[PDB]
Structures are given as C-alpha cells and as structure tokens.
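For reference, the chains in residue letters:
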Amino acid sequence: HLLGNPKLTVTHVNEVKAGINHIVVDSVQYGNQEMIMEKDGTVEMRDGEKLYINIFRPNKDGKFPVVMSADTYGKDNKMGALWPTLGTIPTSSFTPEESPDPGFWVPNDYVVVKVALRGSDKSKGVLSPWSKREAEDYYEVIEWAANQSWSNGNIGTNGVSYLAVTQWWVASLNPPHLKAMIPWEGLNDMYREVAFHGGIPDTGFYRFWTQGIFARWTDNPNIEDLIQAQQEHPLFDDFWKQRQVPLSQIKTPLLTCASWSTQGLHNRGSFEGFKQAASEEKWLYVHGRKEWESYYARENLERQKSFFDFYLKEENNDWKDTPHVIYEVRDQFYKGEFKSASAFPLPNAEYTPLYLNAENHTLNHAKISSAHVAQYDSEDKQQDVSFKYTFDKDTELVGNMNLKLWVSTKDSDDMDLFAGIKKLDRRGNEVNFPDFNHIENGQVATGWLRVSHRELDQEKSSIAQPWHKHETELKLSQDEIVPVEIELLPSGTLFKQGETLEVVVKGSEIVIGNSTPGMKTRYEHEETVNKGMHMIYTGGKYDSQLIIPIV
Ligand SMILES: [Cl-]
Ligand SMILES: [Cl-]
C-alpha cells in the first residue's frame, strides 16, 4: 500500500503536459506512488487575472482535505557542489523548493495544490511579493479549492520561506475554508526583517532575492521594483507599513516553525507570528539546525501530518497533547537538547541585566562604579570591542536579549552598530552554530541598529526586546552621548560552567563572509553611515548593560 509499486517506472517531470496526467511519483517515504496530476489548472481572480496551478490527487473516488502552497518562484521547478551547507533535503521530483511533497501527502489521502501566484508562470499581472494584494489572490484560490469535486472543504496551507510569508499574509484575511496553517519559517514585516536590519539597508540577500524574481519571469513587465523601493523608503513609512502583516487578525489553528539559525531573515517574524496571532490553538517548534533540511526530515513531516490529520481530516488523534512550545537548547553545532514550555516568551524566563565595564571588558552582575569609555575604529573591519562573562554554573539562555549602550561618534552625525553574542568554550575557543544564510561558522545571536533610528516604540518595547519606531532619524551632534537599545534576535543556548558569553559591538559585520562565494545569499551591509571612532560608554551614569533571558 504505502510500499508503492516497484513494478512501475517513475514519471520524469518534463514528460508531463498540460491537463490530466497519471504519474508515478518517486516518493521519498512510500516508493513508487501513482496519482493524478492536473498540470496548468487555472483559477480566475476577481479582476479577471488567471493564476495557474498544479493539482496532485489520489487516483480514487472521494473528497480529500487539501494541502496548499503558493509563491512566485515557479510552480513546475525541479547542490552539494554549489551550496554544500544546505544539508540533506530529500524530496520527490514533484516538489518545488520548500513546498509540500505530493509524494508524502497524497499517499496519505490528501490533495496537494501548488499555486503559481500572480505574475508567475503564465500570469503576467502585477508581481508584488509579500503584500496584501498577493494575499487577496491567495485567499481566492483557497476558497476556490474548498468547492471542487476532489475537495472536502478543508484547506491547510504549508511550506517554507516565501511559502510561509504568504501564509501569514493570507491568514490575516481569515479565509473561511482555511482550517489550519504551517508557516514553516517566514518573516512578516519586510522593513524590520529583510530590507533593513535596525534601519541599516541590506545590500546582500535582499537584493539577490529581488533581482532573482526579476530574472525568473523575464517576459513580465509588471514586477515590482523592490530595489528602488529600498532606495526611496529608508524609514518605516506608508510603503513599508503595508508590508507588515496584521498578525493579530490571525485566528486559524497555527503550527509555527521558528529557527535559531535564520537570524537576519525569517527568525524575528516566525516568533512575532506565533506571538501575535489571535489563534486560540497555536504551537511553536524551534530548532537550531538547517532550514529546508528540517522541514523535510521524516520527524517533522510526521509532526505536520499529525497537525493536519487533526485539523483537516478532523481526526481524533492526540495532537492537542503537544506542548505549545518545543525548543532546542543549543550546546554546540548539531548538538543540543529539546525542551518544552507552555508559552513563548518562556514564562519562567528571568531577565537578568549584566553590566558592561570598558575598563576590563567584562560583564558583571552589579553596576560599575567607575565610568569608562571603550573605543574602536568603525571603518576597520578587524576592529571591535568585547565584553565577557564566564558562567560558574550551567546556564540556559532562551529568548530575546537586549544590549543597552551609551554611544557617541565624532567624525559623523550617525552610527551603524553591529552586535553579536558568541560562546567561548573552556579552552577559550569560539563555539560555532548554524547561522544565516546556511553558514556553519555562526555565532549565538546577532542584531543591528542605525543609531539615528534609536527611538523606542514605548508601548511595544519590552525589557528583553526593544521595538524601534523607524519614523524619525535623530541625527547626532558630536560628541553627543546617547542611549541605544539593540535587539539581539531570538536564540536558545546552553552555557556550561566555565564557558563564556562575549558581547561584541562593531562598526561592520561581525561574522564575515558566506557559504556561496560570489553569490550574495547572506545579508550584507555595505551602505554605512560610519566614520571614525565609535565610543561605548560604561559604568557610572552610563548604565550600559546586556539583558539576558535565563530560563
Ligand atoms: Cl524572551
Ligand atoms: Cl510597528
């Protein structure tokens, strides 16, 4: 049954033509699985635009729950040398990247819908990624699918990256047949999470990705110019306000994956997405491993299936026994302990200030009487200042950290600050983690702040996570000393007794380089306001401090 038919030969993806295909899929789990694929189905939007889709379904009678995903990357798409750190990603041949594998889902009696959103495949309409107008298009395909002859009315959305962002968007519209959702690592506020980091423009990945969309659909003259967008809209203004999902409208039952490894792209938002959703039924899975790798691991496919079985098949399984938070405490690279909790942020987090001392470059439990100033050269990529704490007992830090600094510059009216948290083993050697974008030489946590963008949103800011307004640039007179609070992105790490936490503040990127030379898969921040010495002031009135989430 689920052993498949070794007798049959597998269908190759360019054997399949418009219309009805009977195909034999190379299922990772279930062998040679027969099914029906409708290639180049169309769904008509309110305005008349046709979106193109693929439909994979069991070759049998009945109505089935529907698992759907939607993007603009190519519905028909089909690495060890090229991008060796992507890890192990097993899927059938009928699985575009990050989508639900019909070779897994369909033999378990689901329909899979793969949606090419507006401006992709054979649509030449407006392509405006991760906007409300795209979500409205998605809304209509969900509702269309609830009414078809192979459908049981129950639609669940699923998938990774772009295929997650679009889920946050469309769930915010509350489609009546959206019964469950799995945004498996997706941002939902482009200004704060991909276009800029603490107000500093992303000159790497962001551009890469937007340029990549242009290059894919070359005959489409209607692709939104997001490169110009970034250039024209340096503040969180009306353009960017429309690209922050209204998360608290989400009511749909929710399974979120966040990852400690994705800081600088999907990490901040996956957490905001779980936090802010109004969903009465919501669950969060957090891991410190690789992205696509973890989505397709059998363990996590079974986690997804158990969720969808309960909500789309309405089946009595034990899904609701799942703790609302399951999270990895990272010890080393591909080594840690999974724990559970009933909420994120962790209810038993004790936010603990550690005070910085520029005089001996320590962190400290108690305030520093003596006032002091640490300096570094902001244009020198080899220069930074560090502050370290060695733990006398095993300690786990899980959640947001907040670096609070007093700072000044003299050769400029603005400052770009790059913050990092590193772990140092008992020998004094840095302990590396998976980090963005699939780098293996990463650190514990990372965060950024253009200092003219230091204004706090008081009603959204908290002890562990500052929220910045991004509406007024408060430029600097020299040598004006100002308080900043920097958001270190969510992380989960064990510091054993005799291991060290190091805060690093720098004028440029702290971990340098990426896992694809000559290709900008990682954020880069090459457009900087930095000049001359940065001053970090500590001790006395200058209560510079790191707030840590001890759990
Ligand atoms: Cl937290
Ligand atoms: Cl906001």
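The name recorded for the protein in the PDB entry is CocE/NonD family hydrolase, from Staphylococcus aureus. Per the header of the deposited record, the title is "Crystal Structure of SACOL2612 - CocE/NonD family hydrolase from Staphylococcus aureus".

Colleague: Could you give an account of the overall build of the protein, naming the residues involved and the relevant values?
Modeller: In terms of regular secondary structure, the protein is built from ten helices and 27 strands. The C-alpha radius of gyration computed for the protein amounts to 24 Å, which stays within 12% of the reference 24 Å derived for 551 residues, consistent with globular compactness. Referenced to the eigenvectors of the C-alpha coordinate spread, the extents of the protein come out at roughly 80 × 50 × 45 Å.

Colleague: Provide a residue-level description of the side chain of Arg243, including the pertinent values.
Modeller: Tracing the chain through its elements places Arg243 in the loop between α7 (238–241) and β10 (254–259). Look at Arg243 and you get buried, because its relative accessible area is 5%. A polar side-chain atom of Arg243 sits 3.2 Å from the main-chain carbonyl oxygen of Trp130. Leave out the neighbours within four places in its chain, and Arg243 touches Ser128, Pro129, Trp130, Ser131, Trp169, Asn188, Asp189, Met190, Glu224 and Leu226.

Colleague: Outline the domain arrangement of the protein, supporting the account with residue identities and numerical values.
Modeller: What the domain assignment lists for the protein is domain 1 (11–191 + 244–345), domain 2 (192–243) and domain 3 (346–509 + 536–551). Taking only C-alpha atoms into account, the centre of domain 1 sits 23 Å from that of domain 2. With 29 residues of domain 1 at the contact, the number on the domain 2 side is 27 residues. Together domain 1 and domain 2 conceal approximately 2,500 Å² of surface at their shared face, both sides included; 55% is due to carbon and sulfur atoms. It is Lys124, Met190 and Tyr191 in domain 1 that bury the most area against domain 2; as a group they hold 37% of the surface buried on that side. For the pair domain 1 and domain 2, the number of links is three salt bridges.

Colleague: Let's hear about the side chain of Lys282: which residues, and what values?
Modeller: Along the chain, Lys282 falls in strand β11 (residues 282–287). Within the buried set, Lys282 has no salt-bridge partner at all; the shortest N-O distance to an opposite charge, 10.0 Å, is to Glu272. At a separation of 3.2 Å, a polar atom in the side chain of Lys282 contacts the main-chain carbonyl oxygen of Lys275. Within the structure, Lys282 has its side chain in polar contact with the backbone oxygen of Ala277 (distance 3.1 Å). If we ignore the near neighbours within four places in the chain, the residues touching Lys282 are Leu254, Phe274, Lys275, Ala277 and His324.

Colleague: Please give an account of unusual backbone geometry that cites residues and values.
Modeller: Here the residue pair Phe436 and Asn437 is connected by a cis peptide bond, since its omega of -15 degrees sits within 30 degrees of zero. Locating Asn437 in the fold gives a position in the loop between β21 (433–435) and β22 (439–442). With phi around 50 degrees, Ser161 is a residue other than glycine that occupies positive phi space. Turning to its location among the elements, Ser161 is positioned in the loop between β6 (151–160) and α3 (162–171). Phi at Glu314 is positive, roughly 55 degrees, even though this residue is not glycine. With respect to the helices and strands, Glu314 occurs in the loop between α10 (298–311) and β12 (325–332). Residue classification places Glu314 among the exposed positions, given a relative accessible area of 58%.

Colleague: How would you sum up the packing of helix α2 (residues 132–145) against α3? Please name residues and give values.
Modeller: Each pair of packed helices can be summarised by the angle the axes make with each other and by the distance between the axes. Between α2 and α3, the least distance of the axes is 9 Å, while the angle of their chain directions is 85 degrees. With respect to α3, the axis of α2 lies roughly perpendicular. Every residue of α3 that contacts α2 at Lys132, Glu134, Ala135, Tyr138, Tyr139 and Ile142 is listed here: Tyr162, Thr166, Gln167, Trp169 and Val170. Here the contact of α2 with α3 is built from residues that sort into seven nonpolar, two polar and two charged.

Colleague: Tell me about the packing of aromatic side chains, residues and numbers included.
Modeller: Scanning the entire structure with this criterion turns up 37 aromatic pairs. Centroid distance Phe196 to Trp240: 6.0 Å. Interplanar angle 90 degrees. Geometry classified as edge-to-face. Remark: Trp240 occurs in helix α7 and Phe196 occurs in strand β8 (residues 196–197); sequence separation between them is 44 residues. Looking at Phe196, the relative accessible area reads 3%, which means it is buried. Residue class for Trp240 comes out buried when judged on its relative accessible area of 0%. For the ring pair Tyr285 and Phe338, a centre distance of 5.9 Å and an interplane angle of 0 degrees mean the geometry is stacked. One end of the pair, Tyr285, is in strand β11; the other, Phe338, is in strand β13 (residues 335–341), with 53 residues separating them in the sequence. On the accessibility criterion, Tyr285 (6% relative accessible area) is buried. Feature note: the residues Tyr30, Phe104, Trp105, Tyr110, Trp283, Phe307, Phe308, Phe310, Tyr311 and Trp319 constitute an aromatic cluster, connected by ring pairs.

Colleague: Report on the nonpolar core, specifying residues and quantitative values.
Modeller: Core analysis: the biggest nonpolar cluster contains 64 residues, and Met68 and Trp130 have the highest contact counts within it. It is α3 that contributes the most residues to this core, seven residues altogether. Counting 37 residues, the second-largest nonpolar core is a separate cluster that includes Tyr376, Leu403, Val407 and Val451.

Colleague: A description of the pattern of salt bridges should follow, citing residues and the corresponding values.
Modeller: With the rule as written, the count across this model stands at 40 salt bridges. Taking the shortest distance from any N to any O, the salt bridge between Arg192 and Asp189 comes out at 3.1 Å. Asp189 matches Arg192 in its accessibility class, with the two residues each being buried. Its salt-bridge partner being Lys423, residue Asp331 comes within 2.7 Å of it at the nearest N-O pair. Residue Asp331 is located in strand β12, and its partner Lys423 is located in strand β19 (residues 416–424); the two are separated by 92 residues in the primary sequence.

Colleague: Talk me through the environment of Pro107; I want residue IDs and the actual numbers.
Modeller: Secondary-structure assignment places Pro107 in the loop between α1 (102–105) and β5 (111–116). On a C-alpha basis, the gap between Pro107 and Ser515 in space is 36 Å, while along the polypeptide they are 408 residues apart. Discounting chain neighbours no more than four positions away, the residues touching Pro107 are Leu2, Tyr30, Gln33, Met35 and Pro102.

Colleague: Tell me about the environment of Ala145, residues and numbers included.
Modeller: Following the sequence through the fold, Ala145 ends up in helix α2. The exposure class of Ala145 is buried, given its relative accessible area of 0%. Taking the C-alpha atoms as reference points, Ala145 and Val113, separated by 32 residues in sequence, lie 8.4 Å from one another. Once residues lying within four places of it in the same chain are set aside, the contact partners of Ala145 are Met68, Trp150, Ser151 and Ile155.

Colleague: Account for helix α5 (residues 205–216), with residues named and values stated.
Modeller: Three or four residues apart is the spacing at which side chains of an α-helix point the same way, because the helix has 3.6 residues per turn. Under the 1.5 Å per step criterion, the end-to-end length of α5 is 16 Å for twelve residues, consistent within 8% with the ideal 16 Å. Taken residue by residue, α5 has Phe205, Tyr206, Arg207, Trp209, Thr210 and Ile213 as its buried positions.

Rules and cut-offs
Residues numbered from 1 in each chain as written, not as in the entry; some residues may be left out. Chains lettered and ligands numbered in written order. Heavy atoms only, no water. Residues with missing side-chain atoms left out of burial classes, pairs and counts. Helix = DSSP H or I, 4+ residues; strand = E, 2+ residues; numbered from the N terminus. Rg over C-alpha atoms; globule rule 2.2 N^0.38 Å. Buried < 20%, exposed > 50% of the residue type's maximum accessible area, 1.4 Å probe, protein only. Polar contact = N/O pair within 3.5 Å; in protein donor to acceptor, adjacent residues only side chain to side chain. Contact = heavy atoms within 4.5 Å. Domains from an automatic or database assignment. Buried area = accessible area lost by both parts, 1.4 Å probe. Salt bridge = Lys/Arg side-chain N within 4 Å of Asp/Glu carboxyl O. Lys, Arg positive; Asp, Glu negative; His and termini not counted. Axes fitted to C-alpha atoms, helices over the stretch in contact; angles between N-to-C directions. Parallel < 35°, antiparallel > 145°, perpendicular 65-115°, else oblique. Nonpolar A, V, L, I, M, F, W, Y, C, P; charged D, E, K, R; others polar. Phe/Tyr/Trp six-rings, centres within 6.5 Å; stacked < 30°, edge-to-face > 60°. Core = buried A, V, L, I, M, F, W, Y, C linked by side-chain atoms within 4.5 Å. Expected span 1.5 Å × (residues − 1).

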